[PDB]
Amino acid sequence: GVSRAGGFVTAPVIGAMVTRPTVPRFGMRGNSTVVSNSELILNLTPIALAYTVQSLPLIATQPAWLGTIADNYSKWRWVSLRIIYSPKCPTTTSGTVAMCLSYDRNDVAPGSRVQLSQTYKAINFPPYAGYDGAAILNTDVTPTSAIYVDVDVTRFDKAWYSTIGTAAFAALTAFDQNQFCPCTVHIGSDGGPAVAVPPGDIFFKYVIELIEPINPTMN
Amino acid sequence: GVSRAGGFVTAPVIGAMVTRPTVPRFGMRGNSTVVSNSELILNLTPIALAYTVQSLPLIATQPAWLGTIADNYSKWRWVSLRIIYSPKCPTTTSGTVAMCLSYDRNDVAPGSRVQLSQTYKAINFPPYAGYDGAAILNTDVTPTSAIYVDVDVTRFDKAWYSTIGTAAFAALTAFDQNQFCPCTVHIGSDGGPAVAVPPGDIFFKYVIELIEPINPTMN
Amino acid sequence: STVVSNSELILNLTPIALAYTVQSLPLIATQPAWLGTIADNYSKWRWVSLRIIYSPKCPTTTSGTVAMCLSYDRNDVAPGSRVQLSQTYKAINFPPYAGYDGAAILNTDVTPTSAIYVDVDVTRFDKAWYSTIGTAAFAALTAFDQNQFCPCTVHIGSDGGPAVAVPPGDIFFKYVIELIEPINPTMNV
Amino acid sequence: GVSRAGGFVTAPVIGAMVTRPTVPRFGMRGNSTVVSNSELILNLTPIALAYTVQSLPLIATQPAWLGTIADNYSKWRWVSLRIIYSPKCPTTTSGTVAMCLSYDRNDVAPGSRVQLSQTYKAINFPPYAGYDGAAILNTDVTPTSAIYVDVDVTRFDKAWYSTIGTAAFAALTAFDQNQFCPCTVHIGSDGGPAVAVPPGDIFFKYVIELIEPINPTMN
Amino acid sequence: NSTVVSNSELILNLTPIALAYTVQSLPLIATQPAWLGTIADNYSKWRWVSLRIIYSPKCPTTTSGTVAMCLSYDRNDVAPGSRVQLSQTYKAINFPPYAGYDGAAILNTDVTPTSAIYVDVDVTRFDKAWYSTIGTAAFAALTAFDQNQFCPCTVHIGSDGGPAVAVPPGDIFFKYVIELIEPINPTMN
Amino acid sequence: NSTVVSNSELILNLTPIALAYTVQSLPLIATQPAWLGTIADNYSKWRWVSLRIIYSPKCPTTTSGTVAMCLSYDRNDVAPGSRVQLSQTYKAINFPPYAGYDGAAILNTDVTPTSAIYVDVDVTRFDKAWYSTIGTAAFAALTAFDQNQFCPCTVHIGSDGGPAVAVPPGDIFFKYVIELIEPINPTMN
Ligand SMILES: [Ca+2]
Ligand SMILES: [Ca+2]
Ligand SMILES: [Ca+2]
Ligand SMILES: [Ca+2]
Ligand SMILES: [Ca+2]
Ligand SMILES: [Ca+2]
Ligand SMILES: [Ca+2]
Ligand SMILES: [Ca+2]
Ligand SMILES: [Ca+2]
Ligand SMILES: [Ca+2]
Ligand SMILES: [Ca+2]
């Protein structure tokens with residue numbers, strides 16, 4: 001790379017992904033139903049000078065489309081969960097966007113980018129970057145220029161989680177939420193322009209295993 | 001059979017199916033999602049002397065479990081739909097239960113068993129019968145002693161139907177319902193005892209193809 | 001590690017009548033009366049195997065249908081009909097006199113062809129071990145707190161019974177449970 | 001079975017065994033005399049709504065025919081003891097009959113079916129069932145539809161027991177009885193009809209080894 | 001099929017050691033230990049798989065005297081009337097009331113410290129294979145001869161040579177492994 | 001990737017031993033030990049890889065009485081009300097207040113002297129794989145049920161039979177190996 005052999009860098013006016021059209025794929029693994037799909041989950045708050053954060057609980061019901069399928073199953077577990085960033089602003093946008101993971105709903109969100117950076121899986125990056133890694137979303141490859149976070153799905157506290165709707169989940173105390181949620185992602189930013197600029201969006205690319213069907217009304 | 005070679009008939013006190021435990025199976029057929037499953041759909045009104053009828057529209061959203069999966073798809077079509085009867089009363093129960101099919105939500109339900117019998121696919125049978133044909137439900141075989149109706153899925157008026165929830169469907173006029181429903185089943189009975197007796201239940205064994213995913217909130 | 005195995009009567013089902021009824025049981029070490037007293041002496045436990053068996057006790061002339069299924073969140077609403085129950089994991093529908101020919105399953109390692117039962121998917125619980133808690137203490141908890149002590153719940157519903165309700169049968173548990181960490185019962189339960 | 005693959009069940013008006021005529025068989029095993037035979041031991045109390053129990057000590061002298069042969073021997077031991085149920089009522093009889101084993105004559109008999117069910121070898125069953133397992137009595141096969149209890153003959157407290165007549169045994173205290181008796185069977189019932197109905201009978205199918213002959217007057 | 005239970009329990013607080021001799025005896029039955037008793041009530045028969053009687057001191061090293069333990073096998077025997085009589089009996093071990101503090105690990109580990117004070121019962125040489133479960137209260141109401149039917153062994157703990165003002169010497173614990181068979185309702189048992 | 005931390009720390013000065021019984025309890029959480037707590041605040045989850053609770057005497061051999069330790073696994077349990085109740089509980093070890101001086105090496109070496117007084121926690125039999133880090137102050141403000149979510153085990157230390165004038169018996173130390181994963185800012189944690 002440039003840090004060993006030297007090189008040169010250039011920058012275009014702007015760059016962005018074009019998402020490949022797809023359909024959620026279903027599969028059976030014995031009595032288990034496996035769903036593989038990608039979903040746009042969040043539009044980030046316009047990046048400005050001051051710091052700001054957004055958080056999302058990583059539960060089966062968070063992605064709206066998957067959420068529906070989950071209502072018919074009692075338990076689930078993430079087989080793989082990759083959080084991907086997609087820029088939507090020009091290379092003239094100053095600032096830094098960062099993401100990280102937490103595992104206790106009683107936690108307080110990172111109050112600054114320094115706090116966020118000390119945390120697990122923290123990745124800091126310019127708001128305009130990430131387009132070169134489009135393949136991470138459209139294919140199963142992992143480009144080195146892609147901006148993403150892989151969740152340590154094998155290091156959760158429980159083996160399976162019970163399905164719960166987002167509204168009901170929201171109404172729980174942090175402690176009761178802990179029983180239905182294995183992890184939460186935080187996305188923060190700062191150092192942006194005086195006139196805030198929408199930086200990018202967040203996608204979830206996942207493979208989930210759902211078990212033990214249940215009447216949706218009961219669940 | 002007995003009608004050609006003679007024989008003898010006997011009758012037990014009672015007989016009933018024991019349903020095999022199963023899980024709904026998912027499959028992909030290109031961009032299409034195929035669901036194969038069986039569901040208990042209706043407990044029949046206790047059979048008594050006077051005639052009575054119950055009707056169910058044959059839409060993707062009628063079976064509660066399937067209904068949930070259908071919310072995520074714009075269009076669907078029955079690949080196969082077999083309506084099965086399961087008795088729950090002793091052989092001492094007098095009367096006849098009958099089923100038939102109609103194709104216009106503006107139709108008036110059969111007012112008597114004679115009206116019902118003239119209709120397409122009408123099958124008349126004692127309320128206590130049907131147990132000997134348990135395999136029709138638990139396997140893919142079709143016993144001659146099974147009591148069922150196969151829907152002529154290839155002779156519907158349209159190629160695909162749009163998904164619509166049962167509540168919203170119920171609120172439509174018969175004519176607007178016709179655009180979302182290809183067929184309706186009627187189940188009637190009469191000639192039962194003075195003290196009415198719950199005769200049996202109705203199961204749907206189906207294979208459905210769902211196409212064109214959609215956000216559930218939009219659908 | 002102490003391993004206990006036995007079967008015992010757990011519940012006399014409500015008389016089967018025209019209208020639908022459901023009875024639910026949390027699958028906990030303290031639910032079976034005989035096992036409960038042994039469980040009170042241990043801090044944690046886990047089902048090694050749990051088989052829920054139905055035993056009929058009604059005349060064969062009894063109309064109606066019975067069903068069982070399993071759920072895994074105490075915060076769930078119990079099935080309001082056999083149509084809802086029937087769509088739930090491991091559901092099995094059978095007549096109230098079913099199983100009269102398979103009683104041996106209760107006291108032998110044989111599984112008679114005609115026996116009516118449900119094997120719990122013990123390997124797919126959310127935790128490795130569950131703490132012992134007495135039945136009455138359990139009842140007083142919120143659904144959320146119950147979830148920490150209970151891995152599964154079984155529902156038994158029926159409908160289509162006769163005008164004069166008839167006791168259909170009973171529910172038995174045949175289990176193999178592993179108990180660890182002795183404890184004084186007063187401290188525990 | 002039906003619980004895995006589904007199926008159907010039917011019930012006849014009634015069913016009962018027809019016992020094969022036999023003769024008690026004698027054999028020598030060195031200096032030991034071995035007797036193999038089956039005997040009707042008890043007519044059960046008519047099953048009614050309320051609970052009732054009957055108990056029998058499992059001693060060599062309990063079966064009347066064997067009892068005579070035992071008078072000529074000082075010691076004995078059960079090689080095998082199978083307790084079998086034989087129904088004598090129609091399938092319309094409600095209720096449950098249960099059997100179990102105890103090993104201390106100082107024990108109090110089960111006061112209810114719940115108490116009985118917690119006990120060793122407890123088997124609960126409808127009073128009309130058991131006919132399908134007729135072969136367990138007439139042959140050496142063990143049908144799965146047979147209703148029976150096998151005594152754990154290898155887990156008794158002593159290796160041999162002394163022969164004692166039933167009258168003399170009855171006159172002993174529970175503690176002195178313990179020296180001559182290795183086990184006792186309890187048969188209870190409840191949930192029967194308002195008009196009590198004789199449910200069935202109990203047979204003992206055994207193989208016993210008798211040793212050390214003695215003048216009957218001394219014994 | 002059988003259940004194996006393992007635990008250790010405090011069984012008896014010894015009477016204060018004084019100049020004169022005293023003896024206490026305990027029947028080695030499954031029902032003697034309070035915690036075990038509850039589990040045992042649920043099984044018809046049992047047999048000690050392993051039984052170690054342990055002494056734990058609770059007095060200062062300034063305490064004089066001798067505490068001694070031994071085993072007998074007939075409830076009709078007379079208890080030892082002196083340390084001499086006790087000392088002639090099987091497994092007799094004599095020691096000062098403060099002995100055993102350097103071997104306390106023996107209580108909750110599989111270690112057997114050479115400084116521990118214990119008696120290992122010859123579990124394989126009892127008169128019969130299994131013993132029927134019986135409550136302590138009922139047991140005490142029996143004649144010595146009827147007690148033998150339920151009790152395979154008894155331990156006697158005597159002492160003397162203590163101070164003018166009696167001093168509580170220590171306690172007796174049972175660390176055991178017992179096998180239980182043939183479940184039964186406790187009320188019947 | 002994870003970080004493994006090893007050290008031993010003084011955790012609790014025991015309340016002076018007197019005639020009457022007293023109990024103290026400590027939650028076995030990563031945040032309980034003061035030194036470890038600082039490191040733990042920097043990681044989201046943890047799990048004890050090894051945990052040995054050690055007793056160190058600080059009183060003369062002239063001190064009478066008994067100190068005992070045991071383990072429980074539900075914050076909703078009631079603490080042992082007597083040495084009898086305590087002694088029936090898992091890993092219970094009883095000993096005089098001056099015991100353990102010949103085994104002090106256990107504290108700073110990999111040696112396990114047979115004269116040492118300790119409790120080895122069954123670290124592989126906790127209800128779940130990982131536990132989330134939580135401060136002691138916050139932990140104490142939780143209900144017993146919410147505490148269980150963060151605490152896998154608790155140790156109880158009781159005593160009695162001591163002198164008329166209470167004597168500080170000793171201290172409790174934790175010698176541990178803990179694995180920490182998923183870094184996090186302490187303020188968030
Ligand atoms: Ca970091
Ligand atoms: Ca749920
Ligand atoms: Ca027709
Ligand atoms: Ca629509
Ligand atoms: Ca507890
Ligand atoms: Ca039993
Ligand atoms: Ca004699
Ligand atoms: Ca000696
Ligand atoms: Ca007894
Ligand atoms: Ca203990
Ligand atoms: Ca935390």
# chains A, B, ... in the order shown; residues from 1 in each chain; ligands from 1
$ select_by_dssp --residues "region 67-104 of chain D" --states "alpha helix (DSSP H)" --output "ChimeraX atom specification"
/D:67-70
$ residues_near_ligand --ligand "ligand 10" --cutoff "9 Å" --atoms "only C-alpha atoms and all ligand atoms" --output "PyMOL selection string"
(chain C and resi 181-184) or (chain E and resi 6-10+107-108+175) or (chain F and resi 70+85-93)
$ closest_residue --among "B:54, B:178, B:22, B:144" --to "chain A" --atoms "only C-alpha atoms"
B:22
$ residues_around --residues "residue 19 (chain C)" --least-positions-apart "5" --cutoff "9 Å" --atoms "only C-alpha atoms" --output "JSON, numbers by chain"
{"C": [158, 159, 160, 161]}
$ residues_near_ligand --ligand "ligand 7" --cutoff "6 Å" --atoms "only C-alpha atoms and all ligand atoms" --output "JSON list (two decimals) with N, CA, C and O atoms, in the first residue's frame"
[["chain", "number", "residue", "atom", "x", "y", "z"],
["D", 74, "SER", "N", -38.39, -74.05, 52.26],
["D", 74, "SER", "CA", -38.05, -73.04, 53.24],
["D", 74, "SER", "C", -37.86, -71.64, 52.68],
["D", 74, "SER", "O", -38.34, -70.67, 53.26],
["D", 162, "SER", "N", -38.13, -66.25, 53.37],
["D", 162, "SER", "CA", -38.65, -67.45, 53.98],
["D", 162, "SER", "C", -40.13, -67.58, 53.68],
["D", 162, "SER", "O", -40.86, -66.59, 53.66],
["D", 163, "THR", "N", -40.57, -68.80, 53.41],
["D", 163, "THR", "CA", -41.96, -69.07, 53.13],
["D", 163, "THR", "C", -42.77, -68.91, 54.42],
["D", 163, "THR", "O", -42.34, -69.35, 55.52],
["D", 164, "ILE", "N", -43.93, -68.26, 54.28],
["D", 164, "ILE", "CA", -44.86, -68.04, 55.37],
["D", 164, "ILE", "C", -46.26, -67.97, 54.78],
["D", 164, "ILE", "O", -46.47, -67.39, 53.71],
["D", 219, "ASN", "N", -42.88, -76.13, 58.42],
["D", 219, "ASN", "CA", -42.90, -74.87, 57.70],
["D", 219, "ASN", "C", -44.20, -74.10, 57.88],
["D", 219, "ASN", "O", -44.17, -72.88, 58.09]]
$ residues_around --residues "region 95-111 of chain A" --least-positions-apart "2" --cutoff "8 Å" --atoms "only C-alpha atoms" --output "PyMOL selection string"
(chain A and resi 47-49+51+53+55+93+113+115-117+119-127+149+151+174-175+177-178+181-193) or (chain F and resi 44-45+132+182+184-185+187-189)
$ interface_residues --of "chain C" --to "chain B" --cutoff "6 Å" --atoms "only C-alpha atoms" --output "list in words"
residues 61, 63, 64, 83, 90, 91, 92, 93, 94 and 160 of chain C
$ write_last_selection --atoms "C-alpha atoms" --output "short mmCIF file (atom, residue, chain, number, x, y, z; two decimals), in the first residue's frame"
data_model
loop_
_atom_site.label_atom_id
_atom_site.label_comp_id
_atom_site.auth_asym_id
_atom_site.auth_seq_id
_atom_site.Cartn_x
_atom_site.Cartn_y
_atom_site.Cartn_z
CA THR C 61 -68.57 -41.57 22.86
CA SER C 63 -67.19 -35.64 20.98
CA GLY C 64 -64.51 -32.95 20.73
CA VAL C 83 -57.09 -22.40 15.39
CA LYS C 90 -45.34 -28.79 18.02
CA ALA C 91 -49.12 -28.64 17.92
CA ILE C 92 -50.91 -31.97 17.76
CA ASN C 93 -54.70 -32.43 17.52
CA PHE C 94 -56.29 -35.65 18.79
CA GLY C 160 -66.43 -29.52 20.55
#
$ residues_near_ligand --ligand "ligand 2" --cutoff "12 Å" --atoms "only C-alpha atoms and all ligand atoms" --output "VMD selection string"
(chain A and resid 60 to 61 70 to 76 161 to 166 168 to 169 179 to 180 212 to 219) or (chain C and resid 71 to 78 143 to 144 147 152)
$ select_by_dssp --residues "region 17-125 of chain E" --states "strand (DSSP E or B)" --output "ChimeraX atom specification"
/E:17,22-27,43-57,66-72,93-95,118-120
$ residues_near_ligand --ligand "ligand 5" --cutoff "6 Å" --atoms "only C-alpha atoms and all ligand atoms" --output "number ranges by chain"
C: 131-133, 188-189; F: 74, 77
$ residues_around --residues "residue 153 (chain B)" --least-positions-apart "5" --cutoff "9 Å" --atoms "only C-alpha atoms" --output "list in words"
residues 77, 78, 79, 80, 81 and 182 of chain B
$ residues_around --residues "region 110-123 of chain E" --least-positions-apart "4" --cutoff "7 Å" --atoms "only C-alpha atoms" --output "PyMOL selection string"
(chain E and resi 48-55+91+100+102-106) or (chain F and resi 114)
$ interface_residues --of "chain C" --to "chain E" --cutoff "10 Å" --atoms "only C-alpha atoms" --output "mmCIF file with C-alpha atoms, in the first residue's frame"
data_model
loop_
_atom_site.group_PDB
_atom_site.id
_atom_site.type_symbol
_atom_site.label_atom_id
_atom_site.label_comp_id
_atom_site.auth_asym_id
_atom_site.auth_seq_id
_atom_site.Cartn_x
_atom_site.Cartn_y
_atom_site.Cartn_z
ATOM 1 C CA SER C 1 -24.732 -33.387 39.343
ATOM 2 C CA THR C 2 -27.769 -35.423 40.379
ATOM 3 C CA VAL C 3 -30.062 -36.817 37.680
ATOM 4 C CA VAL C 4 -33.708 -37.506 38.496
ATOM 5 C CA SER C 5 -36.085 -39.464 36.304
ATOM 6 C CA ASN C 6 -39.714 -40.218 36.885
ATOM 7 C CA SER C 7 -43.140 -39.508 35.472
ATOM 8 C CA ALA C 33 -45.344 -31.998 42.864
ATOM 9 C CA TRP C 34 -42.974 -34.917 43.536
ATOM 10 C CA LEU C 35 -40.013 -33.328 41.706
ATOM 11 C CA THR C 37 -39.649 -31.095 46.731
ATOM 12 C CA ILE C 38 -36.330 -32.398 45.372
ATOM 13 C CA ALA C 39 -35.831 -29.234 43.314
ATOM 14 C CA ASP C 40 -36.251 -26.983 46.354
ATOM 15 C CA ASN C 41 -32.975 -28.515 47.566
ATOM 16 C CA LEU C 179 -29.922 -30.696 39.327
ATOM 17 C CA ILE C 180 -26.803 -28.912 40.623
ATOM 18 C CA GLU C 181 -25.595 -26.834 43.566
ATOM 19 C CA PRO C 182 -27.328 -28.012 46.762
ATOM 20 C CA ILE C 183 -29.061 -25.358 48.851
ATOM 21 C CA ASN C 184 -31.133 -25.150 52.008
ATOM 22 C CA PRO C 185 -34.817 -25.066 50.868
#
$ interface_residues --of "chain D" --to "chain B" --cutoff "8 Å" --atoms "only C-alpha atoms" --output "list in words"
residues 2, 3, 4, 5, 6, 7, 8, 9, 10, 11, 12 and 13 of chain D
$ atom_distance --atom1 "CA of residue 121 (chain C)" --atom2 "CA of residue 31 (chain A)"
11.1 Å
$ residues_around --residues "region 161-167 of chain E" --least-positions-apart "4" --cutoff "10 Å" --atoms "only C-alpha atoms" --output "number ranges by chain"
E: 14-21, 58-60, 62-67, 96-97; F: 64
$ write_last_selection --atoms "C-alpha atoms" --output "mmCIF file, in the first residue's frame"
data_model
loop_
_atom_site.group_PDB
_atom_site.id
_atom_site.type_symbol
_atom_site.label_atom_id
_atom_site.label_comp_id
_atom_site.auth_asym_id
_atom_site.auth_seq_id
_atom_site.Cartn_x
_atom_site.Cartn_y
_atom_site.Cartn_z
ATOM 1 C CA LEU E 14 -21.244 -31.794 70.365
ATOM 2 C CA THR E 15 -22.091 -31.399 74.036
ATOM 3 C CA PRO E 16 -19.485 -29.229 75.783
ATOM 4 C CA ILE E 17 -16.317 -31.151 76.706
ATOM 5 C CA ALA E 18 -15.710 -31.442 80.469
ATOM 6 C CA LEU E 19 -13.670 -33.633 82.795
ATOM 7 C CA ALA E 20 -16.158 -36.495 82.926
ATOM 8 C CA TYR E 21 -16.991 -38.758 79.980
ATOM 9 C CA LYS E 58 -14.717 -24.710 67.322
ATOM 10 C CA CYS E 59 -12.694 -24.295 70.480
ATOM 11 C CA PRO E 60 -9.307 -22.588 71.242
ATOM 12 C CA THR E 62 -6.085 -23.832 75.058
ATOM 13 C CA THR E 63 -8.796 -26.486 75.474
ATOM 14 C CA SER E 64 -7.747 -29.766 77.048
ATOM 15 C CA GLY E 65 -9.389 -33.161 76.569
ATOM 16 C CA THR E 66 -10.140 -35.885 74.078
ATOM 17 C CA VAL E 67 -12.979 -36.383 71.621
ATOM 18 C CA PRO E 96 -7.856 -33.124 71.245
ATOM 19 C CA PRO E 97 -11.012 -30.924 70.847
ATOM 20 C CA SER F 64 -13.331 -19.777 69.746
#
$ decode --residues "region 185-198 of chain D" --atoms "N, CA and C atoms" --output "PDB file, in the first residue's frame"
ATOM      1  N   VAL D 185     -48.021 -54.433  45.769  1.00  0.00           N
ATOM      2  CA  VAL D 185     -48.589 -53.691  44.650  1.00  0.00           C
ATOM      3  C   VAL D 185     -49.888 -52.979  45.092  1.00  0.00           C
ATOM      4  N   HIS D 186     -50.117 -51.761  44.594  1.00  0.00           N
ATOM      5  CA  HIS D 186     -51.344 -51.033  44.904  1.00  0.00           C
ATOM      6  C   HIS D 186     -52.123 -50.813  43.615  1.00  0.00           C
ATOM      7  N   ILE D 187     -53.425 -50.999  43.668  1.00  0.00           N
ATOM      8  CA  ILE D 187     -54.246 -50.792  42.493  1.00  0.00           C
ATOM      9  C   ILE D 187     -55.343 -49.827  42.932  1.00  0.00           C
ATOM     10  N   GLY D 188     -55.404 -48.650  42.317  1.00  0.00           N
ATOM     11  CA  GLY D 188     -56.420 -47.684  42.695  1.00  0.00           C
ATOM     12  C   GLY D 188     -57.241 -47.190  41.520  1.00  0.00           C
ATOM     13  N   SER D 189     -58.348 -46.511  41.791  1.00  0.00           N
ATOM     14  CA  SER D 189     -59.170 -45.982  40.710  1.00  0.00           C
ATOM     15  C   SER D 189     -60.028 -44.816  41.155  1.00  0.00           C
ATOM     16  N   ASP D 190     -60.532 -44.059  40.185  1.00  0.00           N
ATOM     17  CA  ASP D 190     -61.424 -42.939  40.432  1.00  0.00           C
ATOM     18  C   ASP D 190     -61.958 -42.401  39.093  1.00  0.00           C
ATOM     19  N   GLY D 191     -62.858 -41.424  39.155  1.00  0.00           N
ATOM     20  CA  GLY D 191     -63.402 -40.840  37.945  1.00  0.00           C
ATOM     21  C   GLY D 191     -64.383 -41.719  37.209  1.00  0.00           C
ATOM     22  N   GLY D 192     -64.817 -42.799  37.841  1.00  0.00           N
ATOM     23  CA  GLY D 192     -65.764 -43.695  37.217  1.00  0.00           C
ATOM     24  C   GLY D 192     -67.166 -43.115  37.197  1.00  0.00           C
ATOM     25  N   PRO D 193     -68.152 -43.883  36.727  1.00  0.00           N
ATOM     26  CA  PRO D 193     -69.542 -43.439  36.651  1.00  0.00           C
ATOM     27  C   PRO D 193     -70.256 -43.400  38.005  1.00  0.00           C
ATOM     28  N   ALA D 194     -71.456 -42.830  38.001  1.00  0.00           N
ATOM     29  CA  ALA D 194     -72.271 -42.722  39.216  1.00  0.00           C
ATOM     30  C   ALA D 194     -72.676 -44.122  39.669  1.00  0.00           C
ATOM     31  N   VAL D 195     -72.955 -44.970  38.698  1.00  0.00           N
ATOM     32  CA  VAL D 195     -73.298 -46.346  38.950  1.00  0.00           C
ATOM     33  C   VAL D 195     -71.961 -47.068  38.708  1.00  0.00           C
ATOM     34  N   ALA D 196     -71.289 -47.458  39.789  1.00  0.00           N
ATOM     35  CA  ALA D 196     -69.996 -48.126  39.710  1.00  0.00           C
ATOM     36  C   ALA D 196     -69.982 -49.325  38.756  1.00  0.00           C
ATOM     37  N   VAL D 197     -68.854 -49.513  38.093  1.00  0.00           N
ATOM     38  CA  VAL D 197     -68.722 -50.570  37.112  1.00  0.00           C
ATOM     39  C   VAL D 197     -67.477 -51.398  37.373  1.00  0.00           C
ATOM     40  N   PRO D 198     -67.608 -52.745  37.430  1.00  0.00           N
ATOM     41  CA  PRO D 198     -66.435 -53.609  37.668  1.00  0.00           C
ATOM     42  C   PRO D 198     -65.508 -53.375  36.463  1.00  0.00           C
TER      43      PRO D 198
END
